[PDB]
Every structure is written in structure tokens, then in C-alpha cells.
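Beneath this line is the structure, given in C-alpha cells, with notes to follow.
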Amino acid sequence: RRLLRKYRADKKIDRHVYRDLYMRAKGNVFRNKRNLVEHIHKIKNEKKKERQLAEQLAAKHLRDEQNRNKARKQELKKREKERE
Amino acid sequence: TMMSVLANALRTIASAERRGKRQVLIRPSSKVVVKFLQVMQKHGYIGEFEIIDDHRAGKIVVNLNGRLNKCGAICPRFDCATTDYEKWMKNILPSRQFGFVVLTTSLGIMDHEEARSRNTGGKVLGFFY
Amino acid sequence: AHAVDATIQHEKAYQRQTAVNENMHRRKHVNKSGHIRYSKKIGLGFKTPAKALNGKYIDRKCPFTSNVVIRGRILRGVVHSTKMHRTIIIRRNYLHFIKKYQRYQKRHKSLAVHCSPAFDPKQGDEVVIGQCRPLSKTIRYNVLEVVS
Amino acid sequence: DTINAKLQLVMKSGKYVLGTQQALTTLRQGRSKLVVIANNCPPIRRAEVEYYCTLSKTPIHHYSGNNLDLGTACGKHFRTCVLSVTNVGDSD
Amino acid sequence: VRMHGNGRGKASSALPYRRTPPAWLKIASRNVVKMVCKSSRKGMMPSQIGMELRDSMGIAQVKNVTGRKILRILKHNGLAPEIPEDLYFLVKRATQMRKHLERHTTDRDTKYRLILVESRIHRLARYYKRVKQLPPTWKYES
Amino acid sequence: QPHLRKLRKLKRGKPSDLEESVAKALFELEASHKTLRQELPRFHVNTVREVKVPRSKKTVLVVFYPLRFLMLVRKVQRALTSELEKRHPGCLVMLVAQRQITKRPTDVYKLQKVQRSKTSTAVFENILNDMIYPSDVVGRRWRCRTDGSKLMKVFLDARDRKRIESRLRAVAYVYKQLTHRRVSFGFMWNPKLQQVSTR
RNA sequence: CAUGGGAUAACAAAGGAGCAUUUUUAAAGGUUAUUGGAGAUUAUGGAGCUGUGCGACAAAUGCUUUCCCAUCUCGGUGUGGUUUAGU
Ligand SMILES: [Mg+2]
């Protein structure tokens, strides 16, 4: 619990991960400090991988929106120029 | 719950033929049912039939000449090799001289004599004689 | 003259590939990142994953970055469990024909398959597995491709 | 119940505040449009909220259930004695 | 009617073969969309919206006018119910029974109806989870 | 020429005689006619196809327009076809939207991805609706004769009999020329009760 | 195990706003061949990357729109129906 409070105060973990690990520590899931630290590092690595994937998807979405808007404005220019 | 539309249709036709009716209404309709009806119509066991569109599974009105002794579906659709035609003719047909076994082949829905001539197997749909 | 990679090295013995010497730079065994990494093209028209070519993981049982070769049966299955480390259980579902009743039964077989870190399959994913030498008591196959 | 449908709609689209203290805060301002009080409410607190509603000309509804029922009808997992909807959110 | 009971009722509506809206219906497609969207914002489920338009505006079928179903229109505007409409009504049914059964513990008939309603929910929820109209790990709670 | 704006830009270079005549009529109607004035400026056609109906007088001017103008045409189609017909004596004018058909795939996975409006069944029934638009199909039958033929009969409301009966033969022939499919027409005075009219 | 057929089915995916135009041109910016090899260094351009324009096409759904403010008897057709337009 002391390690978990220190990690939460140092912002290595967020309050949700803190709550999950607090209930797991009450539940005899971690044998010692090193086991808890290893679990924390595994969770952090998984979060980093998932967040990298989310950033990649977000970038792809923003590029798709840019292409759609550019095509729409090109269409507007085409329709205005066809007016002759 | 209705599980086989073809079996329902063939059962309805067989009942109408047993009662000697001139026409019978089939509901629901299907592509397989229409293909089966065209096979029977090709060999002359039924007359003209009309497909009625209702923006759902349609209905079929079949005119019946009294030439159809019995028609029925075979469930499940057992696989039939080209060597198994004689076995099925023995088991379900009244004779070797008349009656047809209807197959689902990759070349389409056809009677067993046509399928044998095309050297193709498939799944048995039903029979009529 | 590189720094010891913390992420890879946690096994009480230095983790390294046995095909190349990572200390001395040569051309072909150098990936995009510039590190010396061994990778081979397995046969049967299977592309080497980009993570195998440019990744940093060390796996002595990977079909693309080690001496494990693929020969024999190429099978298809669906991932069933990923609870082990670098190993997955796949399930092959099939119909068995009972001759007497002219009908089928649903049957399944479970296989332990080594999964390279180049892939990240989840339960329900379909994978292509190739036969290799016995890697453990039960493992006889390696993951070659993942289809989501 | 009509009030249950209206509350569900306000939760969906409108703006609301839960608790007696925040309801009194919205009543002191000119923001409250409707006040819902559970039949469980302590009588003095209910009298105080009703007095605020009368001074502010705010409609007041006496819910047929208790604070647990009001919290459930709000889609909440806690109990609320007083509800105050600040924006009906097209409800009524 | 059929599921969880011996009823064999056939009562239903029979949609017409001719889908073209009548010539006297002068309401434009866009105005209908504003009507359904504002009726949903008024707090009506898709079924209630359709009955309102049918009985008052002469709009027999919203789909035959706008080309889109009422729920589809709400989804496009984001107004779709979070929980599907029917699953909402069954859950409300089960809740109302359970409130009744708290006070009447001897009401064994309502207990029997409650089992059916919940055993119906756990197949409807299975369907919506398989169809991804509901989150995975969505569970009905008594 | 200003009337050439009522054609697709590809056709403006060397328009046909029928296309130029239709384009000129559309350009005049866009200002002369009260109802057409509010719709025709946003409108242009693809091509004009002439169809000779055997054993009949007059011809059929099949006018193809982009499918994106479907609702625009349906708004004023009855006025538009009547105006074009009086512009072209001895002719019938049919406004058919140009629709694309995706050939039916042989793969079950590609079949699930087919846009249902691009299927031949949907397109062919939409073309039939285009050529009879003021009237609507009230019933559809398939007569499967004993010789293997399958003829489709389409029933129209008997009210529209005095308005569409003359052009029904032309509609049937143009439908066969465009879809390579045969159609027969009948009239029901009580489509609800499926009651056919004798005459 | 290879190959041909695709009717009947199976497996998988989706749950439909949970979604996705091409082609001319020019200009603006930012560890490849070839120079006779081989070892540096350089710069020059390709080619992609954006944005500025430009020409020719399409487009399954009308921006010559929509919404929000504000000012105010003639032809064709059939043997009578049809878009007008006068009553
Ligand atoms: Mg049951």
C-alpha cells in the first residue's frame, strides 16, 4: 500500500490502475514489492502499446478528414469554374 | 418453425394431387422450389404455374394435371456420387422405367438421368413420379 | 559499442541471436535501424514480418530470426488461449463422417504452437502454423501468419 | 410513470444537479426549472426546499418513490433526495 | 405471443405492396427528418414517433418518404437510444415486476412471469452483444 | 452554345442531332416553363437514344441522365416528358436514369459486399419505374409456361389506363432493348383485392 | 495431395454515419546510378511530402441547393386524357 500510494503521488499510475492494484494487493496477488513493481511495469508497457496504436488510428482518421475536405473544396472550385 | 421450404412445398403438392385438386397454392416460394417445379414441368408432371410477387417470400399457384402420383423432399440433402444413382433409384423410385430423383449439382438443379448424362454428382433434393 | 538494451535483457543471462555477432558491424544483416539483426526468408511463399526484420526481440524459437526451420504440414486454426509465454493453443474444428449413420460429428483438436513476438494474436484470430522440430513437450508448430 | 420518462429524457439530453445542497444553490440562482423531491426526504429539509421553490416560483414535484428509487430513475447507483433540472433539454 | 407462452395470436400490421407515398402528401423529406428528430428530442421512442406521424401528419411510413428508417435517422443525428428500445421496455418490465414482488412475496404468478421476462432478456442481450449494439461484458442484473 | 450546358461536358464537343435538339428544348424550357424553371438549371442529360418500335407509329426518344438527378427529374417528370413530346412530333420521350450494374460475383464474401442498388434486379425494376413513373406497379406475376418460358406480367392501376395504355407497347419494347428482358402489362381496377380489369 | 465446377450448404466478417474520384500542368519550399576504378567531400537534379494555382473528365443522389436574419386556347398523343395559358 505504501508503494502504491507513492506511485500514485508520483503519477506513475493513474487512480484507476491504483484502485485495481489496491484491491489485488488486498487479494494476495503480489508476494512482495518486486512482484508488484513487475506487474506495474507490464501494465504500463501494455498501455503504451495500446496508446501508440490509438495515436496511429487517430492520425489516419485526421488525414482522411483532410482529404475529404480538400476534395469538397476542389469540387466547389470546379462547380464555380464550370459556371461560364 | 418451418425448417425446409422445399419440403413444405413438395408436401403441399403431394397432398393436392392425392385429393385430386386442379390447383394448389404454395407458400412460401424460393429459387429452389421454382427450380424443382421447372424440372417436374419439363417432364410433364405438372402444368403451368404462376409466381406471385408480394415483396416478401412469394407465392406460387401450380396447375395440376393428374399425372403426379407423389412428390417429396429428401432431408437431409445426402451427397450422391455418380456411382450412387442406382442406389437411390432402387431405394426411392417405384421402378427403373419411370420416376426421377432431383439433384443439386454444381451444374444446377436437374433430374438424375440428366445428371448421370453430364457425369456430375451432387446432393439429393427430392423425387417425383 | 551499443548500450545494453534494458527491455530485451531480463533473463539473468544475456539474450542474443546465435547466428550473428551484434558487436561488429559489417550489409545484409543490418536492418533499417542500423543494428545487426539476423533474419531469414522461410520457404513456401511466407513473407517475413516487418517486426522480425526491424524489431529488437530475441527468440531462439522464432521461424524468421533463429535456426527453427519449417518443413512438413502447414495447418490452419483459430487461437484458443494465449495464457502461456510466447506460446498459444489453437483449435482445429472439423467434421468427422460416421459411415453407418451417413452423418457428421463436430470434433476438435488442440495444438500447442510457438508464437513469435512478431505476431500479437488474440483469442478468435485465425493463424497459419508450420511444422517444426520438437521445441517442448507438446509444441510441434510455429505461427507463420495471423489473419484478424 | 410520466415523471420517470421525463427524468430519463433530462438525463439523456438536459442538464441537472443532484443533492440537496446543489439544488439549493441552483434555486438561489435563477437556474432551476423543476425540483423533484423523494418521499423519503427528511421533513425539515423538504420544507426548506419547498420554501425556496415557492420564493423562486419553481415547479416542485413530489416523487412517489424514496431516494433510492429517485437515484435509480436517474440512472444512478446512489441515492438522491433532491433533484434539480437546470436545462429541461427539450423535455418539457 | 409465441415465445414464452401458448399464445398463437396473428395480430399485426400488413405493409402495402405500393411503397410510393401518396400524391397528396406534400411534406418534404427534410421536413419529416426534422419532425422525427425533434420528436425524439421531445423524448419519444422510435415506435412512438412513428405512431405520432402516422396518426397526425398522414405519414404512413417514414421510410417510404425519407428513404430511411426512424432509428436510422436517430443514429445519424446521434439520437439513438443507448440501450435498444425493446430491451429497454423488457428491462423496465422486469424492474416493475421486481418492485411488485418485493411487497407481494406470495405473488407466485408474477414470479413465474419474472423468470420468463429475464430468460427472454438473456437471449435478447446475447443477440445485441453478438450484433455489437451492446458492449461486450454487458450483463442484466436482477 | 448556351443550350449545350444541358449536356454532359464530354458530349458538348460534337453533340448528336437528337441530343442537340433535346438540349435546345431543355434550355428553352428552363426559362419559358414556370415549373421547369425551378429545376432545369441544376439539370443536364447524358445522351439521347432513338428507338424504333416495330409495327407502330412514332419513335421513342430515350433520354439518359445522371442518377444523381433522380429526385430532380421525378419532381417534374410528367411536365418534362409532355413538354419534350410536343417539341418532337411523332415521338415518345422517356427519361431513364443511367444506372450501373455490378456483375453478380462468384464468391460468397464478395456477394455480401455488393451494393444492393447496383444489382441487375434492382436496376431493371428501377428502369421500369422510370418509364412509367406517374403510374406505379401494383402487382407482378411470373407466368411459367409448360415449354420452359417465364414471362413477367406487370400490373398497373386501372385509373392510369387512359394515360399510359397508348405508350405501354413502346415501354415494353424499350424495356427489352435496354434490359434484354421481356415484360407484359396488365391493369388491376382493385389492386388491393388483386382484381384484374378485362378492358 | 493437385486440379475443374459453384447449385445446395458450412466457416469467418459486419450490424451499415460504427462511413472514403481521376487525369493535365506549371511553379514555392524541405544511406542510388553516371562522371575511367577505388576512398572522401560537394552540388545538381529525379522520385516521392505538403501547400499555391491550372487544364480535361467523371460522380449512387440536385449545393445554379438547404437552413438561418432581414426588404417587400396552344402543341403533342389516342379515338379523351396530357404540361401550359385564358377563365
Ligand atoms: Mg421455446
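The sequence lines fix the lettering, A, B, ..., with proteins before strands; numbering per chain opens at 1. These numbers come from the heavy atoms of this one structure, side chains and all, not from hydrogens, waters or symmetry mates.
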What I'd like to find out is whether the side chain of C:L75 reaches to under 4.5 Å of the side chain of C:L111, using heavy atoms alone.
yes
When you measure only distances, ignoring hydrogens and angles, does the side chain of F:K86 come within 3.5 Å of the base of G:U82 through a donor and an acceptor?
no
With both atom distances required to be under 3.5 Å, do G:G53 and G:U25 make a Watson-Crick or G-U wobble pair?
yes
Result for side chain to side chain contact (heavy atoms under 4.5 Å, CB included) between F:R12 and one of F:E19, F:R5, F:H44 points to F:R5
Stack flag G:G15/G:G16 (5.5 Å, 30°):
no
Determine: side-chain N/O of F:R87 to OP1/OP2 of G:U84, distance under 4.0 Å, yes or no.
no
Measure the acute angle between the ring planes of B:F78 and B:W88, then classify it against the limits of 30° and 60° as parallel, tilted or perpendicular.
tilted
So, do G:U61 and G:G62 stack if we ask for centres under 5.5 Å and planes under 30°?
no
Ignoring hydrogens and angles, does a donor from either the side chain of F:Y109 or the base of G:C11 sit under 3.5 Å from an acceptor on the other?
yes
CZ of C:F97 to CD of C:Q102: how many Å apart, nearest 0.5 Å?
4.0 Å
I need the CG-P distance between F:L72 and G:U64, as an integer number of Å.
12 Å
For a quick check, tell me whether the side chain of F:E39 and the base of G:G62 share a donor-acceptor pair closer than 3.5 Å.
yes
Return yes if the base of G:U64 and the side-chain atoms of A:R83 contain a donor-acceptor N/O pair under 3.5 Å, otherwise no.
yes
Is there a donor N/O on one and an acceptor N/O on the other, under 3.5 Å, for the side chain of F:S117 and the base of G:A60?
yes
Assess whether one donor atom and one acceptor atom, taken from the side chain of B:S106 and the base of G:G5, lie less than 3.5 Å apart.
yes
Stacked or not: do G:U65 and G:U66 have six-ring centres under 5.5 Å apart and planes under 30°?
yes
